[PDB]
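Colleague: From the sequence below, what's the structure:
(5 chains)
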Amino acid sequence: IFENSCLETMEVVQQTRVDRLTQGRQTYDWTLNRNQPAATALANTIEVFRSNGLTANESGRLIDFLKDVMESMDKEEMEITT
Amino acid sequence: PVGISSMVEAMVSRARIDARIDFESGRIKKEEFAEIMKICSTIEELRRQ
Amino acid sequence: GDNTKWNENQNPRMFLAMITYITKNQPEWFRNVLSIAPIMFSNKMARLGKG
Amino acid sequence: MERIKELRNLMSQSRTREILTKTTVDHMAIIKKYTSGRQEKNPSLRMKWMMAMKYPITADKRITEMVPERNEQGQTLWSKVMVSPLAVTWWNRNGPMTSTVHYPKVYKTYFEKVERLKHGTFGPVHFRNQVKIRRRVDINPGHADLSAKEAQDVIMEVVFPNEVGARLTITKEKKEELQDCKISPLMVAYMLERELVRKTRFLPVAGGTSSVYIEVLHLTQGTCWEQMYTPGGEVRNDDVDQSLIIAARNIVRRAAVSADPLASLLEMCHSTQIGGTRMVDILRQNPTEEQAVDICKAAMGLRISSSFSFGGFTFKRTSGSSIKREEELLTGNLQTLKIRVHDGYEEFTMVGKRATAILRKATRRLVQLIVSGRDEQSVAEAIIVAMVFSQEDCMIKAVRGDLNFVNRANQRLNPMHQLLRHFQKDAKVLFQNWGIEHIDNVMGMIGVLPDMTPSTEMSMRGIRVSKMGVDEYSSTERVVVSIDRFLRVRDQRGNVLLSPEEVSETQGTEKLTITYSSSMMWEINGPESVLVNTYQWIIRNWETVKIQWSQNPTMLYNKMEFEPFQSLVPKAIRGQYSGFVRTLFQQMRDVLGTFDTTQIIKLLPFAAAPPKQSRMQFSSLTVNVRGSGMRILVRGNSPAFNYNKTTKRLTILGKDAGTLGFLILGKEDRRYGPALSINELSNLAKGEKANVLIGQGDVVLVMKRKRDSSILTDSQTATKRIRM
Amino acid sequence: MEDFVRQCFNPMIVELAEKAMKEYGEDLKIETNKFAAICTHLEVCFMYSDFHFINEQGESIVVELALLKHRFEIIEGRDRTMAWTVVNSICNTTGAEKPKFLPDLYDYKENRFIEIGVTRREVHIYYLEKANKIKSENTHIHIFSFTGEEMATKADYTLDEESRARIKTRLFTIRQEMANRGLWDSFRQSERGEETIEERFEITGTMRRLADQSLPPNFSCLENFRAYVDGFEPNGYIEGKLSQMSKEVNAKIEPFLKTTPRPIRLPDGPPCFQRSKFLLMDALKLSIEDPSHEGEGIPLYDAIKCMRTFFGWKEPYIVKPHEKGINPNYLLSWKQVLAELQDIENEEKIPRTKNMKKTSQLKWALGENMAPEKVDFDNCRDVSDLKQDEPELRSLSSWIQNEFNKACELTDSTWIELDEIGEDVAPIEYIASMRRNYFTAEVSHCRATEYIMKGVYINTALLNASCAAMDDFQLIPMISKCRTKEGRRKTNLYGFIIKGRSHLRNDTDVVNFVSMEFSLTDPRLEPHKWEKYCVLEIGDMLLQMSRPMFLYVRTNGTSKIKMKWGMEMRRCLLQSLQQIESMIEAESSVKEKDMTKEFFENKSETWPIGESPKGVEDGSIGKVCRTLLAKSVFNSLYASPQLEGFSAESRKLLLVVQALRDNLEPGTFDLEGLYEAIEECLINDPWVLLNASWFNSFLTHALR
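Modeller: Residues are numbered from 1 along each chain as shown, chains lettered A, B, ... in the order given. Okay, here it is:
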């Protein structure tokens, strides 16, 4: 059962766009350090990544956004513009 | 929508084709058509930077 | 039945372990992707709030 | 110009031009989902507060010249463009009466519900402890079985033709009947998508299968009651898959007898046509799960369900594994049988024609079984196939007689199917030899006796017949198949999944018109169709026949597409006819130029027979259809061969039989004029290299085409260079 | 993706790609993009080689469906060994140096080796890669893309015009197909030169550092952990860990017989007061029997014409104080109410809404007098008293049971305008109608319906005023409407409410208010009930007993959510119906022709609802309907988290009592824990304590 479930999940992670990340309830935006709606917090994070050297999410893949999140923790300083 | 072209180029092509068709067969002012296509070429040059 | 204080006893390292067993013999990138959430939950902070 | 002006003043700000330049059209769907999300300020309360307010409606500016400011009592309904809700009632009271009562053609799917309610005769309410039967049913009336993609590709063509994708009778019908009486393109598109797209889901029902019964499920079924309801008049798609089922059954039955069943199955599938659409496309895009349909899908490489078929019943594994451990066994009548003994513990759920069951079986021992069906003989058949699969030595010793069961192709069946087909007709030995035990009749579970009589405290060893149905769990699984040359499908693990030997449980009516055009099937549609299909094939492949008759025609004669026609001329004068037509064709070849195509088409199908040296001539040739002998002449037209001289149409027994978009060159090239729209029905003198905006994206060059380019035998002849 | 490829290709190319992936052990379940790319390459090669023959001279022609070559030998679709054999054969035949890299096709006319590359990225980069990979040797390169571009070596596109555009169109169509299916992932896989690799997901520092710190305290690197998990042996560690665990860890079943249930403990202390937002049984109506016909009707003038119908306004001599606070401010605020009412004839324009003056008594009664000022801790770092409280235990009182008893009684009016429903042309529709209309008839005239409508109107008016009166104290009348027995519409006035500042930005933001309600009950009868109330004997009314008319005034606070939960109080109807309808179905599911008309219409069936003479006093069906309605209503207005917790914890005890009554030999684990949970949510709420006494009575009369 695990291998079938894993294949289905691989299909999901290959096909999933960034839309599935906006369809949600209140989330925590670290850009403003406050609770914000899903789409607004997502746009805040996207723009603060694009202001820095993190522009992989524009390919449409959620996995590319996860790669951006991964490489963000490797950068020494993250500047937030308001 | 499906398409590899950017938003700007696709929209400009749609605008130019629509202007041509509603000027040639349809009815629209000649100078209005000229200004529309001038603005379209201006935006085409704008997206170069 | 019902499990009292069921939520606060689940250790994310256990989730990491069971995911690692579920992703057995699977490609390495799949395991590297799925195992991120338990690792982030193992090292996580709780915000207190207003004050 | 307002839109291009907005593009201009929008492309000025850097952060608003970077988005428009970098993001492509393909990703627009992901860029629309970025919202503020301030909306849910108690919308009921907000609507009440807005209705309490004066002039909350928003309209355009054309109301000024259409409705008055003061009504007949001096009440204001304007502002400066806000509108009082009273203005809506005013417009409905005395407004522009128009002829758009044409409405019920786009909203047909709702008037269908209204009509099903009009003649929806009712029935009594037989209250009972309703138990949910987990079925998978479709919820759409009259949708012609079109998936979401192929339906939206028709919507785009009928409502937004100038921006269609880069890719059918409904596309003409709807475009015709709502041609100029369009209401709102988005509304029409949504309504046609609701009307035309299929949708099948997993619902608990208590007697409703068709679309008419599920649309009104809240009326018929409830918590602990049921209402007998009959709408009157079924829908299109509950019997569209039935013809495909019948076609697949007949195709598999005819392939199993052939020399190479797999290649036969493939050719028959790619050549068969169902309701205007080719079979293989339906197979690739149809969610119908049947044994012969799974055989057909596996023959072309498509995924099917892990469920394996035994005794016409499809099994699903719930829990437990097994090991092979082959073993020999002696029957109750001294017959050695090598068998695959299912070892270990297993749990199965078997779905059937009209009966289902839950089985729990250990190594050569049936532990538990819960069966529910509709007919007494049906639950008997279910219990028989279950006892056969149980593998207990009780039924092995209960085998009475030698087991020699062969397939329709004279093939030794597997010992499993041997035992099954043996016990399937007379099984009263196995019942009286199985064993009886006591039960408690709890949770609505009754027992069965050897005489097929219900009992409250006695049943078979480990058996229960359930009242109010067994819960039918149909889980969806898709794993690749391993088809072989004899139409047997096995899993990747090596378990024999399905085989032809259990497909025929009924004949077939074909509620929709079915067409087979390959070679081997021209005998189901009576002997009368043999002639019309042979001559249609002749006229279709006439261009290759013309040169294959001039050169090496002995290979043209023995083509196996004439076999069904050869079986209609009597077996006695077949060789004489063949020799006569062959010597006539040889005289036509020797005296060059002196040959008419009409007589060649008239007399060719007789040359396929083994010729004999006939010392006699002929003018009339006989063909037997339904026992009646029809003649075809050698001079002039016959009722069997009616070729109109002027019309040039060939008519065979009243039936007619023959007579004798674009492609992209590359990206937009500024040479061949400015770009065009998809509306270019003017082919522009048929050369016309022109750039056009396709879809909602870019512009590409376009030229005409010359020859058909389809899915024909050219892919099959690609094999002519491989396997050399 | 994997399923999609099986659609847009014929079975032969699928079979060849499956055979070709079995060359290097490439499992197609993972490398789906490689499978797609190989199928694409094969179909391109096939459509490339078809339809091209060589005439009697040295030129190429097109053909359909008599004896000729093909000008092209297919190399990619064959086995490795056979392909190399064919290449070496044609090279020894034509004398051309064989390329070191395996080509895809050989041309007969130009005597060149044409190799095909179908890429997703720019064709210029792919051609430069194939050139830096294959240069200075006579090997022609032909590169296609899904966008329609095409690049050959030195502008020598070695085909016809249409034969190439057919392939370009097929590729564009495949692109659109996998585009609108969301399957445009392979743009990231073939973007490597080597078109096979799937997505690799790295774990670099500051992330691997957290991964190595997330494992159990037996490893240092997570790779050791994953290798340990990969090879695992279920040797029976469960039984060993069980043999090692102490025997005290057990779910020891303690049996449950009719002796073990002990009645629920009840708190002892000061009598419980009433905190309902408005007076339920003590409020007094002021009728005008006026058909102005409703809704847009202005509620301020209806209230003043309520006042116009009463005479005998005594000078306010206050009786029961609040015992903590400025008492005369209440009667001063009431006098201000009367003064502002009579002071409309000077305004010369009637206002539709009376905004009270910002008087001292009214600023105090609403608590707006400036409270502790907002400061920062930087300047109030130290003060002698800079401290920062659990409730007290209040015992049950006798008045809540009488309140409920009065809530179940029938009244004079109807209190509902229940709209119409269409014709009934179905048996289940007949049954539903016969249930709903009998329920409506038995419930309409009930006092709980008056409570529902009263709460709805009051909360609606207050919330509507909290939007436009966001800055001033507006006087809000407590108006209800009903229909008398003789069928004449009546407008009742229960009292007034003065609202404070209503800057309600959030939903939990509270606005303070003062409720002044009419009554005929002496607080001196039950002074413990009116703890938060201040009483003003305000007049005598014509009844001819001429009983004194009192005004109960209290200061309270409400929020937006508190108001809206109370505008939807008619849900208490539906809930009742469902909790009735369940009993009509669940208790009658065992029947062929369901018992529906025997549930109603049969007064012999009596249900236990009361215990006056130390004995069960069962009543009729209408008493049951009104009891459930009033129970739901009181749950709505006396809503408290104690009630929720009590329901949740007592439902379990009730279910186990029922399982014992069905003789199903039940048992618990920690009954003391359940009793602790029950006693934890019993502090001061009169409604919760009344429900607890009810459950105690039930346990007393359940053979336990």
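
Colleague: Find the residue closest to the closest residue to chain E within chain C in space, skipping its chain neighbours.
Modeller: Nearest residue of chain C to chain E, counting by Cβ to the nearest Cβ: residue C:42, 3.6 Å away. C-beta coordinates here come from the backbone N, C-alpha and C atoms, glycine included. Distance criterion Cβ to Cβ, 6 or more residues apart in numbering or on different chains; nearest residue to residue C:42, sequence neighbours excluded, is residue E:214 at 3.6 Å.

Colleague: can you check residue D:351 too?
Modeller: Closest to residue D:351 by Cβ to Cβ, 6+ apart is residue D:314, at 5.2 Å.

Colleague: residue contacts, the one you found?
Modeller: D:289, D:291, D:305, D:307-308, D:350-352 (Cβ atoms under 8 Å, 6 or more residues apart in numbering or on different chains).

Colleague: My reading is that it is in a strand; is that accurate?
Modeller: Yes: assessed with DSSP: H, G, I helix; E, B strand; the rest coil, residue D:314 lies in a strand.

Colleague: which residues of chain A fall in helices?
Modeller: All helices of chain A, identified by DSSP state H, fall at A:2-15, A:38-51, A:62-72.

Colleague: Can you lay out those as JSON lines showing distance to chain D and mean neighbour count?
Modeller: Listed next are those as JSON lines, based on distance: least, Cβ to the nearest Cβ, whole Å; neighbours: other Cβ atoms under 10 Å in any protein chain shown:
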{"stretch": "helix A:2-15", "distance to chain D": "7", "mean neighbour count": "16"}
{"stretch": "helix A:38-51", "distance to chain D": "5", "mean neighbour count": "18"}
{"stretch": "helix A:62-72", "distance to chain D": "10", "mean neighbour count": "19"}
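
Colleague: Closest residue of chain B to chain C?
Modeller: residue B:4 (27.2 Å).

Colleague: Can you tell me the element that residue falls in?
Modeller: Under the criterion DSSP states H and E, no helix or strand holds residue B:4.

Colleague: That one: neighbouring residues, count only.
Modeller: 20 (other Cβ atoms under 10 Å in any protein chain shown).

Colleague: need the contact list for it.
Modeller: D:24-26, D:697-698, E:147, E:175.

Colleague: Could you identify which of those has the most neighbours?
Modeller: Neighbour max across the contacts of residue B:4 (other Cβ under 10 Å) = residue D:697, 27 neighbours.

Colleague: Please settle this for me: is that one part of a helix?
Modeller: No: per three-state DSSP, residue D:697 lies outside any helix segment and is coil.

Colleague: And for it, nearest residue in space, chain neighbours not counted?
Modeller: Residue D:697's closest residue in space is residue B:3 (Cβ to Cβ, 6+ apart), at 1.8 Å.

Colleague: Could you report the distance from the one you found to residue D:488?
Modeller: Using Cβ to Cβ, to the nearest Å, we find residue B:3 at a distance of 46 Å from residue D:488.

Colleague: Have a look at these two and say which one is more surrounded.
Modeller: residue B:3 (24 against 18).

Colleague: Test my guess that the residue nearest to residue C:42 contacts residue C:36.
Modeller: No: here residue E:214 lies out of contact with residue C:36, judged by Cβ atoms under 8 Å, at a distance of 10.3 Å.

Colleague: residue closest to the middle of chain A?
Modeller: In chain A, the residue lying closest to the centroid (Cα atoms, centre = their mean) is residue A:65, at 4.4 Å.

Colleague: I'd like to know how many residues surround the nearest residue to that one once chain neighbours are set aside.
Modeller: Excluding its sequence neighbours, the residue lying closest to residue A:65 (Cβ to Cβ, 6+ apart) is residue A:57, at 4.2 Å. Per other Cβ under 10 Å, the neighbour tally for residue A:57 reads 23.

Colleague: separation between residue A:57 and residue A:24?
Modeller: 17 Å.

Colleague: got the contact list for the helix or strand containing residue D:600?
Modeller: Per DSSP H and E: residue D:600 is located in helix D:597-603. Residues external to helix D:597-603 that are found in contact with it (Cβ under 8 Å, 6+ apart): D:535, D:538-539, D:542, D:546, D:549, D:581, D:584-585, D:588, D:621, D:632, D:634, D:641, D:643, D:650, D:660.

Colleague: From the residues you listed, list just the buried residues.
Modeller: Among those, the ones that count as buried by 16 or more other Cβ atoms under 10 Å in any protein chain shown are D:535, D:538-539, D:549, D:581, D:584-585, D:588, D:621, D:632, D:634, D:641, D:643, D:650.

Colleague: quick check, nearest of the residues you listed to residue E:33?
Modeller: Nearest to residue E:33 among the buried ones among the contacts of helix D:597-603 is residue D:539, at 46.0 Å by Cβ to Cβ.

Colleague: which one is the closest one nearest to, not counting chain neighbours?
Modeller: residue D:658 (3.4 Å).

Colleague: which ones are touching the residue nearest to residue D:365 when sequence neighbours are not counted?
Modeller: With sequence-adjacent residues excluded and distances taken as Cβ to Cβ, 6+ apart, residue D:365 is closest to residue D:392, at 5.8 Å. With contact taken as Cβ under 8 Å, 6+ apart, residue D:392 is in contact with D:364-366.

Colleague: was I right about residue D:307 contacting residue D:316?
Modeller: Yes: with contact defined as Cβ under 8 Å, residue D:307 counts as touching residue D:316 (5.4 Å).

Colleague: Contact partners for the closest residue to chain B within chain D?
Modeller: Closest residue of chain D to chain B, Cβ to the nearest Cβ: residue D:697 (1.8 Å). Residue D:697 makes contact with B:1-5, B:10, D:25-26, according to Cβ under 8 Å, 6+ apart.

Colleague: Kindly list the main-chain dihedrals of it?
Modeller: phi -120, psi -110 (degrees, to the nearest 10).

Colleague: Check residue A:76 too.
Modeller: Torsion angles, degrees, to the nearest 10, at residue A:76: phi -70, psi -40.

Colleague: and it, how many neighbours?
Modeller: 5.

Colleague: what do you get for residue E:104?
Modeller: When neighbours are defined as other Cβ under 10 Å, residue E:104 has 21 of them.

Colleague: what does residue D:287 give?
Modeller: Residue D:287: 12 neighbours (other Cβ under 10 Å).

Colleague: swap in residue D:586?
Modeller: 11.

Colleague: Just the element for residue D:9, please.
Modeller: Residue D:9 belongs to helix D:2-10, assigned by DSSP H and E.

Colleague: In contact with residue C:2, which residues?
Modeller: No contacts exist for residue C:2 under Cβ under 8 Å, 6+ apart.

Colleague: Where does chain A get nearest to chain B, which residue?
Modeller: residue A:58 (11.9 Å).

Colleague: do you know how far that residue is from chain C?
Modeller: 20 Å (Cβ to the nearest Cβ, to the nearest Å).
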